[PDB]
């Protein structure tokens, strides 16, 4: 599965771009978790953080969540509570992988950690 030359595999934290929406954090999942069908070649199934729904998204419309400051949308973040909730669950998942520990208020330092480049592991720590 996902043997098509393009990147991103199961478990990868990514940003996903759907028409009409900001880049949104997601996890790449196997089609078996979706209750649907296999993804077409060059597509990935993702599960979106925040609402837990599934979309078949092209790999050209995905980037690693580690490319954070370049895809984090600050306007959308200020405008939409769903996007903030999405960011929380995405970064929380990121934190546990990277073995990072912290002391809306919970978000603030995870956001800073993410925006600052996921110190000290860097993006390496975000891998599944």
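Numbering follows the first chain given and starts at 1.
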Checklist entry - Unmodelled deposited residues between residue 103 and residue 104: none, 1 to 3, 4 to 9, or 10 or more? => result 4 to 9
Checklist entry - Out of 104 to 112 and 7 to 15, which one has CA B-factors that are higher on average in the deposited record? => result 104 to 112
Next on the checklist: Sorting 64, 57, 28, 98 by Cα temperature factor from the record, which one lands on top?
Outcome noted: 98
Checklist entry - So where's residue 47 on the chain's Cα temperature factor ranking, which third? => result lowest
Checklist entry - With respect to C-alpha B-factor, does residue 93 fall in the lowest, middle or highest third of the chain as deposited? => result lowest
Checklist entry - Which third of the chain does residue 36 land in by C-alpha B-factor: lowest, middle or highest? => result highest
